[PDB]
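Only one structure is covered here, and it is reproduced in the block below.
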Amino acid sequence: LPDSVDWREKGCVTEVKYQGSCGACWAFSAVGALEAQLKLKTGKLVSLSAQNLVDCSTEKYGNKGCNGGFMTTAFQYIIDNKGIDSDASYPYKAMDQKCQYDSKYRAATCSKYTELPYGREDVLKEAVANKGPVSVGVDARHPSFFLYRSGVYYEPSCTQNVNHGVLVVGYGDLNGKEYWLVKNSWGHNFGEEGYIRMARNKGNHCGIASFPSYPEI
Ligand SMILES: N#C[C@]1(NC(=O)[C@H](CC2CCCCC2)NC(=O)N2CCOCC2)CCN(Cc2ccccc2)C1
């Protein structure tokens, strides 16, 4: 496997988004993963609608819109629905709204998704290298997480009780510290222009490899 990977270098990662006061991280994580596959498949990089998931992948999928959701069930909604609209056609409002999906604005489809084995950082490395960015959940409730600015994030108080959906878009090594390159959805002001390098091969730190999954087209 490559020693390092950065899907941004392959033009497979869209701009960092700002979720605001709506707990839609799960939807942003999910569209981010599909965005990479859509690019790999069609050659075009297109932001997908996080709002479409918030408003439509709801109760039937165990999701609660601005109050939380799952990347896997969001993927299943896209499969069941036979599509997801583009972000431009169905903009993000950081609010729960009525479902307004319209196939005329469809920008991507999904045929299946895969959930990786719990806590295997080696399997996650292989997936990130051979398949593309992977949706994951991390424990981002510690004060240090909100204040992260640079370097590789390692928090002794971190746990494997995850609560925030993000996207691994690569991995590597910085000054002797292995890390996972994570795309967050708290805008460009957060961390490194919206990204955070989180400790890799450090005992499933913050549960980064606890619940990984990726869609395919
Ligand atoms: N956005 C998103 C949130 N998380 C979710 O949506 C998480 C995401 C999942 C991804 C897969 C692994 C487990 C977690 N889900 C979640 O909270 N649910 C799941 C569905 O029922 C409602 C609650 C909403 C609440 N969270 C609060 C928070 C604040 C600060 C730091 C971390 C988490 C952030």
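Whatever order the structure lists ligands and atoms in, that order sets their numbers, starting from 1. Residues: numbered from 1 along the sequence shown. Both backbone and side-chain heavy atoms feed into the values below; hydrogens, waters and symmetry mates do not.
For the 3.5 Å distance criterion, the side chains of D80 and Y61 qualify, holding a donor opposite an acceptor.
Both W7 and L116 are assigned to one and the same hydrophobic cluster, defined by single-linkage of ILVMFWY side chains at heavy-atom distances under 4.5 Å.
If you run side-chain contact (heavy atoms from CB on, under 4.5 Å) between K125 and each of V134, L1, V5, only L1 comes through.
With sequence neighbours left out, the side chain to side chain contact (heavy atoms under 4.5 Å, CB included) criterion links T42 to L38, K44. Remark: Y101 pairs with no residue by the ring-ring contact (aromatic ring centres under 6.0 Å, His included) rule, at least two apart or across chains.
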Indicate every side-chain donor-acceptor pair of residues 207-217 with a distance under 3.5 Å to a residue at least two apart or in another chain.
from, atom 1, to, atom 2, distance (Å)
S210, OG, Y118, OH, 3.2
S210, OG, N204, ND2, 3.1
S210, OG, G207, O, 3.2

When you pair each N or O of ligand 1 with protein N or O atoms, which pairs come out under 3.5 Å?
from, atom 1, to, atom 2, distance (Å)
ligand 1, 1 (N), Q19, NE2, 3.0
ligand 1, 1 (N), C25, N, 3.1
ligand 1, 4 (N), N163, O, 2.8
ligand 1, 6 (O), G69, N, 3.3
ligand 1, 15 (N), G69, O, 3.0
ligand 1, 26 (N), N163, O, 3.4

